[PDB]
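Student: Experimental structure and sequence below, a few questions after.
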Amino acid sequence: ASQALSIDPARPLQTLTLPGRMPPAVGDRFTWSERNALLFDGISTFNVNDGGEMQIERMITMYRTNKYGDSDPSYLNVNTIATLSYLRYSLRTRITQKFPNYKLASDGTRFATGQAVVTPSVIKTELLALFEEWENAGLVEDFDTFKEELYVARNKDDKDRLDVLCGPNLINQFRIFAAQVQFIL
Amino acid sequence: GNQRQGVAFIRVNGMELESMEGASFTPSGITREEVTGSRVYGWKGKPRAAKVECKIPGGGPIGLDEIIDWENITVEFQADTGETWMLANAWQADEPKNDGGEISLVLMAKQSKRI
Amino acid sequence: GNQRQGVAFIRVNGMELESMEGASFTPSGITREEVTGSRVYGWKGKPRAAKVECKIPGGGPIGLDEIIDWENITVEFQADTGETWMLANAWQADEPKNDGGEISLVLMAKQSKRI
Amino acid sequence: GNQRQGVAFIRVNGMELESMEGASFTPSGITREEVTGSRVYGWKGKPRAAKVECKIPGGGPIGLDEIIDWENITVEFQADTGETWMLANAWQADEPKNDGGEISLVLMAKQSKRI
Amino acid sequence: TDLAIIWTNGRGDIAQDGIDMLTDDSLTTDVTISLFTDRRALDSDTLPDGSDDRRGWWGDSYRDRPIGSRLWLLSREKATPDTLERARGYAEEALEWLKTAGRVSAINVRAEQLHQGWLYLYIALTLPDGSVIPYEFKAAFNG
Amino acid sequence: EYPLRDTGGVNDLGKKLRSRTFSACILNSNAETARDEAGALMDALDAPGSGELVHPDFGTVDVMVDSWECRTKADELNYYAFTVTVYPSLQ
Amino acid sequence: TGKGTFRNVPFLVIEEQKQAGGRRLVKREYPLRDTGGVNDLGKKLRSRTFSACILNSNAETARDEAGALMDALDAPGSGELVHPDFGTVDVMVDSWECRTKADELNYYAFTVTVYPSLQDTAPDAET
Amino acid sequence: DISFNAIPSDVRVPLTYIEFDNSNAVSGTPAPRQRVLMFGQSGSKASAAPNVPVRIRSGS
């Protein structure tokens, strides 16, 4: 799991063989219905290949209910956790690389060119460019809604603190392979 | 009766350039060309890249030594009445010359988005 | 003593653009060329496509993002003194560049038809 | 509110020339060009050489006989507000012609450095 | 007239019909077998698993043709157009053997992403004027 | 041409075949229907026997294909151009 | 995305592509007769060809990619060519070129022609 | 096309649905649609409510 999620976070783990592992006997392996019902209870499942080697069928976190008490599928996939961690790291390192130590000034103020000043309208464009890089990489889906939902402002209570609200849209993985054959008789 | 257009502001990496009047901006998309036989059949696409051209006064805080080595910048062509176009990963273009007192800058990019 | 000509309005999909002065409209038909040997023989036809060209002041309600994506529209080149020509199903053409404060629009179509 | 640009002085071997207005200076670097296939792919570099062009009024202390024979000189393109660029070992270029009263000088060099 | 491949719970097993197993003599069984059986991956192809074996059939060196389709290369994929194009190509190369013979006339296959997490393939085969009306069914789930 | 004499002989033996050739192009704005049409025309150009050709300049005629190309310039996204030379079938 | 590959070595497509091939004809012209014609003889192979380019912003990754592409084009056997226009076809290479210009520091141009890798015996033994 | 309700909500395993058809509609898109109506009697053991339209796709 670590190797796969380090190579590419937004990639499912539908068929990954476990090398050098001995599966249980054919009388102990969970049936299809048993595995299906067990996947809802927050426990991941395994499958046995055509050869003797066993593989992981689906990796799922034990998260099954929201804070208020109802069911919530947001944090189900481990891919969401991995992608979120990578996105947080990318944001942190891009901000650190671009604006290490800059003065903070209001949006409308203008100073001498070539000075170290950041305005709330600069980091917004920086984040939009970062999102476009994410979309090129293949981890985020929709750019228009991200642009229309992104919000960056000054704190208005503490002088040097900038509040952001990104709300990105993660990419999706293929679970079902629907096919439809049509005979033109 | 809002202001239509005027002096346009160029910003790379978050720094203004104070370019002189005459800034131009070509967005990136598909170019349509006609195809003609016995009649006109339709259009034939051709890709193009986004580009921003301007001229800056010489002797300013940003000099040619800094200008030449530009291969990864985030350009923002912004008008007076909003209408900002962002070039994600742009690079300098064919030739800078310090003719008279104006340096001609042209920055090209693979994609142009509206902010 | 009727009014001859002046600012000519362009309407795409039933909306105006406020095109500045200098609009041009080439109609669709047959292009005649001369064939000469020992003595002049006649004419040799050649098809062409309708085209309407204008310039839009920048910063207006209609921007470059909407202007670029135009491949199925109905155009209405209407002069001051009536005489409207409908371009059938037009598409945007070679290159829009926003120099100064002007967007150079050109729309080509397979059939211009007088209304 | 510093002075931006104006008359730019040229110095060869530590001696001024009194060049008339209109001096130009193209620095040495890499020329970028765009490569377009199905989409835009990137940039394709290309080397270039530094060059300083100006005009000297005729009849002065320095004449065409001395101007022609220049294949190892150190040029110093200095603007009004400092910002001097040095050409280490420059050589005269294509053609001097004394039309009117102006000798058109152009000096090429392999490398230009900002002092 | 051979047995029929009946799809239940995502896998296809033979089923009974009255006295013996239900029979079918049409292109349905020919397609559902040529599409959903793993054939040998090439030497250069990369495998979805971390393993190193390539599927196939021991009779591949006996039946004069590779048996099935390489659609098992898309076991784990993310929603990008690259996978859609690859699936279209793999289906075409798997079903080309029908058009090489005279059992179909033309094949048109398109790929799309339906409701999030769905790879949708639309395959249209043009049967000639001498083809037995083929079998039709829908996959069903039980228990 | 007879040596050491001015005169020469010229004789006729039949008529040469008509080597009619043409160029065509198919483009569609869908950029996928264009590929479908190009594939269909390729399959119809490579086929056994002789099939009828309808052309504005030539008209209905029965011919056999000899060669063709699909020169797409990559930059063009909808354009496919063929160039075909055909000869009459022997009857 | 124009990302054609030959043996999982990626390349970018440019210039012009080409597929050519038709039936082989034998021209039958009779002496002192006007009506003639041709006779069908099979169908010649489909000779595909393409032009690809390897470019980068590093001038060393470009060299490495070009070397990999050369060593993968010059390999024994038949490889899965992927092309945005041709599709996925197993083909056998016939020739190629690697053109630079000593002025472009990143550009490497290739021009390849391939033939289908179909191998069927002449006698076609039966029972 | 395929209705989202086809796959039951109780499954979270990769499934690979499959469907077969026999019509002539190649595009699959809703062109100007034709809905021919058919009046007719039905014999005994019909097991169909009289006087209500029924959509049928096969002779069986």
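Tutor: Here it is on my side, so go on. Numbering: from 1, shown residues only, chains lettered A, B, ... in the order given.

Student: Every contact and neighbour count from this point should use C-alpha atoms.
Tutor: OK.

Student: Return the residues in contact with residue A:72.
Tutor: Residue A:72 sits next to A:63, A:64, A:65, A:66 when contact means C-alpha atoms under 8 Å, 6 or more residues apart in numbering or on different chains.

Student: Around the last one, count how many other residues there are.
Tutor: Residue A:66 has 12 neighbours, counted by other C-alpha atoms under 10 Å in any protein chain shown.

Student: For the residue of chain F found nearest chain H, what are phi and psi?
Tutor: Distances between chain F and chain H by C-alpha to the nearest C-alpha are smallest at residue F:33, namely 11.6 Å. Backbone geometry at residue F:33, expressed as degrees, to the nearest 10, gives phi -60, psi -30.

Student: Equivalent analysis for residue E:105, please.
Tutor: The phi and psi torsions at residue E:105 (degrees, to the nearest 10) take the values phi -100, psi -50.

Student: In the biggest helix by length in chain A, which residues are buried?
Tutor: Under DSSP state H, the helix in chain A containing the largest number of residues is helix A:78-98. Buried positions in helix A:78-98, judged by neighbour count with 16 or more other C-alpha atoms under 10 Å in any protein chain shown: A:78, A:79, A:80, A:81, A:82, A:83, A:84, A:87.

Student: just the strands in chain F please.
Tutor: When assigned using DSSP state E, the strands of chain F occupy the ranges F:21-27, F:51-53, F:61-67, F:79-88.

Student: Adding distance to chain B and mean neighbour count, write those strands out as TSV.
Tutor: TSV is the format used below for the strands of chain F (distance: least, C-alpha to the nearest C-alpha, whole Å; neighbours: other C-alpha atoms under 10 Å in any protein chain shown):
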stretch	distance to chain B	mean neighbour count
strand F:21-27	8	14
strand F:51-53	18	13
strand F:61-67	21	20
strand F:79-88	7	19
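
Student: Now distance to residue H:12 too, for those, in a markdown table please.
Tutor: Supplementary listing: the strands of chain F in a markdown table, determined by distance: least, C-alpha to C-alpha, whole Å:
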| stretch | distance to residue H:12 |
| --- | --- |
| strand F:21-27 | 44 |
| strand F:51-53 | 54 |
| strand F:61-67 | 54 |
| strand F:79-88 | 45 |
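
Student: Need those strands in TSV (columns: distance to chain E).
Tutor: As requested, the strands of chain F are exported to TSV (distance: least, C-alpha to the nearest C-alpha, whole Å):
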stretch	distance to chain E
strand F:21-27	19
strand F:51-53	17
strand F:61-67	20
strand F:79-88	19
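
Student: how close does residue B:57 get to residue B:99?
Tutor: Counting by C-alpha to C-alpha, to the nearest Å, the separation of residue B:57 from residue B:99 is 10 Å.

Student: Quickly check: stretch F:42-60 near chain C or not.
Tutor: No - when contact is scored as C-alpha under 8 Å from any C-alpha of the partner chain, no part of stretch F:42-60 falls within range of chain C; the minimum is 15.8 Å.

Student: Need the residues that contact that stretch.
Tutor: F:61, F:62, F:63, F:64, F:65, F:89, G:21, G:22, G:23, G:40, G:42, G:43.

Student: Ends of that stretch, what's the gap?
Tutor: Here the two ends of stretch F:42-60 are set 20 Å apart, with distance taken as C-alpha to C-alpha.

Student: Would you map the helices across chain A?
Tutor: With DSSP H as the criterion, chain A has helices spanning A:2-7, A:32-40, A:78-98, A:120-137, A:144-149.

Student: so which of these gets nearest residue H:59?
Tutor: Checking the helices of chain A against residue H:59 by C-alpha to C-alpha gives helix A:32-40 as the closest, at 34.7 Å.

Student: Relative to the whole chain's centre, how far out is stretch E:57-69?
Tutor: What separates the centre of stretch E:57-69 from the centre of its chain is 15 Å, taken as C-alpha atoms, centre = their mean, to the nearest Å.

Student: At the geometric centre of chain B, which residue sits there?
Tutor: The residue lying closest to the centre of chain B (C-alpha atoms, centre = their mean) is residue B:52, at 0.7 Å.

Student: again, but for chain A
Tutor: With C-alpha atoms, centre = their mean applied to chain A, the nearest residue to centre is residue A:83, 2.9 Å.

Student: quick one: the residue lying closest to that one once chain neighbours are set aside and residue E:16, what's the gap?
Tutor: Take residue A:83 and drop its neighbours on the chain: the residue closest to it by C-alpha to C-alpha, 6 or more residues apart in numbering or on different chains is residue A:9, 5.5 Å away. Using C-alpha to C-alpha, one obtains 45 Å as the distance from residue A:9 to residue E:16.

Student: mind checking how far residue A:1 is from residue A:8?
Tutor: Note on residue A:1: its distance to residue A:8, by C-alpha to C-alpha, is 11 Å.

Student: Run a quick neighbour tally on the residue in chain H that chain F sits nearest to.
Tutor: Chain H approaches chain F most closely through residue H:27 (11.6 Å), counting by C-alpha to the nearest C-alpha. Each residue near residue H:27 was counted by other C-alpha under 10 Å, and the total is 9.

Student: For my notes, confirm residue E:124 occurs in a helix.
Tutor: No - in this structure, residue E:124 is strand, not part of a helix, as judged by DSSP: H, G, I helix; E, B strand; the rest coil.

Student: and the nearest residue to it once chain neighbours are set aside, what are its bridge partners?
Tutor: Spatial nearest neighbour of residue E:124, chain neighbours left out: residue A:182 (4.7 Å); criterion: C-alpha to C-alpha, 6+ apart. For residue A:182, the beta-bridge partners under DSSP bridges are residue E:124, residue H:21.

Student: Also residue E:38?
Tutor: Beta-bridge partners of residue E:38, counted by DSSP bridges, are residue E:69.
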